[PDB]
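The structure under discussion appears below in the form of structure tokens.
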Amino acid sequence: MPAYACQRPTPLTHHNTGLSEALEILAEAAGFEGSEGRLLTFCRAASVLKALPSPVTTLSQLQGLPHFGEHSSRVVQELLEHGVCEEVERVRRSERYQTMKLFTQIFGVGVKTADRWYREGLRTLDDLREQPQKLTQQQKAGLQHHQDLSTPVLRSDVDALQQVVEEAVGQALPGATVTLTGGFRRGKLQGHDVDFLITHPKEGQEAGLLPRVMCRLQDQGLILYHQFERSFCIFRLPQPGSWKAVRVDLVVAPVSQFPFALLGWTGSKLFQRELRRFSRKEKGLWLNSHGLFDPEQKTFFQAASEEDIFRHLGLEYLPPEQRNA
DNA sequence: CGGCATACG
DNA sequence: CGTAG
DNA sequence: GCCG
Ligand SMILES: [Mn+2]
Ligand SMILES: [Mn+2]
Ligand SMILES: [Mn+2]
Ligand SMILES: [Mn+2]
Ligand SMILES: [Mn+2]
Ligand SMILES: [Mn+2]
Ligand code: NA
């Protein structure tokens, strides 16, 4: 088992679901306390289990696996022996965890804002609604639409959104293309948001495109909220006899950068952090969603595909459906 | 022990 | 500070 | 919390 998640296939569904979910509770709780290091370790240990070819049945099977030390191994041992881990259950039913999770899941609210609200005694969404004076425009939108935004987005929803985005993009710039990214590109059947990457085959024609796209969507009455190259919107998606709010991200990249932006926006989050860590620490190259930089020769690697990028990093190619780290 | 990814709005 | 993957 |  390789030590970096970008070195191993990770499918969407796997053979250690319960174990990985428990470790990801502890990872999330570490984040709510600001312990980014512990969050990462628990996230990586969870992802190792997702990559295994069969169920862990015995503690012996953890020996030699990367990111399993005393703590993550104890968690697994208790779940193997009792079907529950007392630490995990204590986190689950703690008022701190429940409230931080409820608050941070609001669009516009991060750990730091949720933490300050928690320290102020706030616990519920209606607590936040009673003092709108204390909210940003973005948070007011996230709270107004919170119920819809908590409802799973389905693939049928995605196909309808993509057609309307393509129609606005085609008017903004003939020849521009729309690619579905994020978790749907990794094969998920449901999601909590939809992500699109927009480019044009003639380098430079994409400049100025996103304002033109947004203005057209707004004029069609489709934009419930928006605020450049990245747009974090809330779309009005028609539904049987009604509609629902859906989070949509629209991103523009020049075709020279498109492989890097595709790679980054396709995720997963952990996969991209691990890929960039691997790039820098093992290969001495600096990766982001714009490009891959050699800091010794001071040159950018030209890529025509994701396959190019994996090759330039010395990694076996992984299709999106195996990047579910 | 230091590191933990790296951007944009 | 928020957002993204 | 774990790795190197
Ligand atoms: Mn026991
Ligand atoms: Mn997404
Ligand atoms: Mn998104
Ligand atoms: Mn840019
Ligand atoms: Mn230390
Ligand atoms: Mn970037
Ligand atoms: Na949030």
Side-chain angles (χ1 to χ4, degrees), chain A residues 1-6 23 26-27 29-31 33-35 37-48 62 64-69 71-73 75 87 103-111 113-117 135-136 138-142 179-186 188 191-197 210-211 214 225 228-234 247-253 257 260-282 285-293 306 320 323-325:
Chain A
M1 179 75 80
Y4 293 86
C6 52
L23 292 162
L26 304 183
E33 305 315 308
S35 314
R38 296 189 338 123
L39 175 143
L40 272 169
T41 279
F42 286 132
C43 284
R44 293 163 176 166
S47 188
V48 165
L62 295 182
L65 292 185
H67 310 295
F68 274 90
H71 202 140
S72 303
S73 299
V75 173
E87 188 187 4
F103 283 173
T104 56
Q105 266 162 200
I106 302 168
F107 179 65
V109 182
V111 174
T113 299
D115 177 64
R116 181 168 54 72
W117 289 349
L135 300 174
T136 62
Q138 187 184 53
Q139 289 162 353
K140 291 192 201 144
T179 299
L180 176 64
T181 65
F184 288 104
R185 188 172 176 246
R186 304 197 304 275
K188 295 181 65 64
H192 288 318
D193 61 290
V194 187
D195 308 300
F196 293 112
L197 177 61
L210 201 48
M214 293 304 302
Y225 165 94
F228 49 106
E229 49 196 59
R230 296 171 188 191
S231 283
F232 315 120
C233 323
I234 302 176
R247 275 279 296 108
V248 180
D249 293 333
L250 300 181
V251 182
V252 169
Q257 294 173 15
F260 302 95
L262 184 56
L263 181 60
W265 283 88
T266 293
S268 68
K269 172 175 178 167
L270 183 58
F271 190 95
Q272 295 308 304
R273 296 170 78 154
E274 293 275 289
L275 188 67
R276 296 170 185 196
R277 192 167 59 98
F278 176 89
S279 183
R280 178 179 279 268
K281 306 283 159 186
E282 305 300 330
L285 307 179
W286 301 347
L287 176 70
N288 65 19
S289 72
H290 290 68
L292 177 62
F293 188 67
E306 298 184 314
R323 308 184 195 155
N324 285 292

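Here is the naming used below: chain letters follow the sequence lines, and residue numbers restart at 1 for every chain. Atoms considered below: every heavy atom in the structure, side chains included; atoms not considered: hydrogens, waters and symmetry mates.
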Respond yes when some side-chain nitrogen or oxygen of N288(A) is under 4.0 Å from OP1 or OP2 of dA7(B), and no when none is.
yes
What nucleic acid atoms does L263(A) come within less than 4.0 Å of, heavy atoms only: base, sugar-phosphate, or nothing?
nothing
Closer than 4.0 Å, any side-chain N/O of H67(A) to the OP1 or OP2 of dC2(D)?
no
Who pairs with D249(A) by side-chain hydrogen bond (donor to acceptor under 3.5 Å, both in side chains), at least two apart in sequence or on another chain?
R247(A)
Side chain of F228(A) - closest among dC2(D), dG9(B), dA7(B):
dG9(B)
Report all interatomic pairs (protein N or O, nucleotide N or O of nucleotides 3-5 of chain C) with separations under 3.5 Å.
| unit_1 | atom_1 | unit_2 | atom_2 | d |
| --- | --- | --- | --- | --- |
| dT3(C) | OP1 | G108(A) | N | 2.8 |
| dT3(C) | OP1 | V109(A) | N | 3.3 |
| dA4(C) | OP1 | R247(A) | NH2 | 2.9 |
| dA4(C) | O3' | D249(A) | OD2 | 3.4 |
| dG5(C) | OP1 | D193(A) | OD2 | 2.7 |
| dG5(C) | OP1 | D195(A) | OD1 | 2.9 |
| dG5(C) | OP1 | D195(A) | OD2 | 3.0 |
| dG5(C) | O3' | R186(A) | NH1 | 3.3 |
| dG5(C) | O6 | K269(A) | NZ | 3.4 |

Can you list the residues that meet the side-chain contact (heavy atoms from CB on, under 4.5 Å) rule with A253(A), with sequence neighbours excluded?
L197(A), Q257(A), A261(A)
Distance check needed: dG3(B) P versus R280(A) CZ, whole Å only.
11 Å
Separation of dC2(D) P from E274(A) CD (nearest whole Å)
15 Å
Say we look at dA5(B) and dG4(D): how far apart would their P atoms be, to the nearest angstrom?
15 Å
For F278(A) and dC4(B), what is the distance between atoms CZ and P respectively, to the nearest whole Å?
16 Å
Round to a whole Å and report the spacing from CG of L275(A) to P of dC4(B).
15 Å
Please check: side-chain N/O of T266(A) versus main-chain N/O of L262(A), any donor-acceptor pairing under 3.5 Å?
yes
Could you tell me the separation between the CG atom of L39(A) and the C1' atom of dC2(D), rounded to a whole number of Å?
13 Å
Taking CG from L197(A) and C1' from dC8(B), how many angstroms apart are they, rounded to a whole number?
14 Å
To the nearest angstrom, how far is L40(A) atom CG from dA5(B) atom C1'?
9 Å
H67(A) side-chain N/O to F42(A) backbone N/O, donor-acceptor pair under 3.5 Å:
no
List for me each residue that meets side-chain hydrogen bond (donor to acceptor under 3.5 Å, both in side chains) alongside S279(A), sequence neighbours excluded, and say none if there are none.
none
Identify which nucleotide among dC2(D), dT6(B), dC4(B) has an atom closest to any side-chain atom of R277(A), counting heavy atoms from C-beta outward.
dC4(B)
Respond yes when some side-chain nitrogen or oxygen of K281(A) is under 4.0 Å from OP1 or OP2 of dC4(B), and no when none is.
yes
Applying salt bridge (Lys or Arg N to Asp or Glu O under 4.0 Å) to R185(A) and not counting sequence neighbours gives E306(A)
For DNA chain B, whose closest nucleotide is more 5', that of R44(A) or that of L210(A)?
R44(A)
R277(A) meets the salt bridge (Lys or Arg N to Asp or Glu O under 4.0 Å) criterion, sequence neighbours left out, with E274(A)
For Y4(A) and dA5(B), what is the distance between atoms OH and P respectively, to the nearest whole Å?
10 Å
